[PDB]
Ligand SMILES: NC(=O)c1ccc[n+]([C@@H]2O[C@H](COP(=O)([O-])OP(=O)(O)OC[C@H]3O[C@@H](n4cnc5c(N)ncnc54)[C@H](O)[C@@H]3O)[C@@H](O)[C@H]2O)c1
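Form solved without the ligand, single chain, as C-alpha cells, below.
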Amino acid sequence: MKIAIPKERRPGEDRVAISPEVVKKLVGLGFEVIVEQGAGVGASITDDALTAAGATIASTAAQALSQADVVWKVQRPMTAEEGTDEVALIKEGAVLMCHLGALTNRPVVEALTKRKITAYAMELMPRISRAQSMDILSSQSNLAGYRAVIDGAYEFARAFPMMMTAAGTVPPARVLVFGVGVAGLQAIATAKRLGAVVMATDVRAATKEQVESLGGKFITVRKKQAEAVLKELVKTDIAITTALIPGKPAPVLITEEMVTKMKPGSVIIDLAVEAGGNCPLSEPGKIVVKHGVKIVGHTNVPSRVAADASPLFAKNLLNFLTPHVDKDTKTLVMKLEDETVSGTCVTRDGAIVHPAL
C-alpha cells in the first residue's frame, strides 16, 4: 500500500507531515512512502535523509499522490477555488489525514466528498488520555509557546536574565502571559529558564496550580482583575497572549489603551492574531510599532519551529494510523468503532459524516 506526503503549497507553511524516523516505521508497517521532492527542506529534512530512511522521492505533488492509498498533509488541501486544486490530485477513495480546518471549510469537504475520499480531520481528535499521542493541536501549540518567547526575546532590546556584573546589574525581563493553555505553559517554562520574572493569568483559575508549578506568578485580584492586569502590564516587558479557542474569534485582552500605558521598548507577541488577536493592534504577519511598543503578529508560529514541529506532527499521524494497519495483508483497516476514527472522520464514501459549517 502506498502513502504519500506532498510539499505544503500554502505560502508561509514550512512544516511537512513526515520525518525520517516515521518513514522507517511506515516502511516497517509495509507501506511504500512517497515524498514530493523539496517537501521537507523547510523543516531541514533533505530528500537524501528521507530516501535513506526508506522513502522514494517524487517530483511534483501530482506524481506523489497519483497512486497513494494514504495521503498525509499539514494544512488542508487547496481547491480549484483557491487556484491549484490539490483535492483532484488525491486518488478517488483514498485516505487523507491532515489538519482540515474541518470546522470552518465547506468547499474542501465538498471537494473531498465528490472524489469519495475518506478524510480524517486530525484537529478534531477526541480529548481522551489515550489519544494525546495523536493530538496535533497539542504538539504544535507546545512548540508555538516556546517560540513565542524566542521571538519575544529577539525583538526585545534588553536581556531576559538578571545579570550582576562588575559594571552593575542587568535586571531580569518581566514576562506576562495571557492564556495558560498548552502554549501558555511552554511560554512560561521558556521565559522562566531564560531568567525572566514570569506572571501568568487566565479566566480559568483551574490553571493557577500550573502557573505556580513552572515558577510563574498567577495574577490574582471579578472584573476589578482588569486593574490587576493593567498593574502588571504597566511594568511588563514582554506580554505573550495565547488566548486562541479553536472555533471562535479571540478575546480582546489588551486594548490600544492598555498599550499606550505600557513602556517603550516593550513587546507584545499575539499568538491569536489569526483569529482577530488578543490585542486589536496586532496585524497578521507583521510587527507594528505603536506607542513605542512592538506588536508581533507572526502567522504560522509552529512553522517558525518547522524542524521540530514536522517530526512531531508526523508522529501524531503515525500514532493515529498504526493501530489500523494489517501489514500481513498490507492494507489499511480503520476500525470504524475506534473513537479516534469516528470522531475525526469528516467525510467517507462520498458522504459528509460531521456537522459543523
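The first residue of the shown sequence is 1; numbering continues from there.
In what follows, reference is made to the form solved in complex with the ligand, a form of this protein that is not presented.
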Select from the listed residues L103, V170, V203, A226 the one whose heavy atoms reach within 4.5 Å of the ligand in the bound PDB entry.
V203
Considering non-hydrogen atoms and a 4.5 Å limit, which listed residue (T260, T84, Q132, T220) is close to the ligand in the bound PDB entry?
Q132
Interface membership of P251, the ligand in the bound PDB entry, 4.5 Å heavy atom rule
yes
Using 4.5 Å between non-hydrogen atoms, is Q75 touching the ligand in the bound PDB entry?
no
Indicate whether the ligand has at least one heavy atom within 4.5 Å of a heavy atom of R127 in the bound PDB entry.
yes
Any non-hydrogen atom of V71 within 4.5 angstroms of the ligand in the bound PDB entry:
no
Taking a heavy atom within 4.5 Å as contact, would all three of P6, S59 and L89 count as contacting the ligand in the bound PDB entry?
no
Select, from the options 236 to 244, 112 to 120, 90 to 98, 189 to 197, the stretch whose residues sit within 4.5 angstroms of the ligand in the bound PDB entry by heavy atom distance.
236 to 244
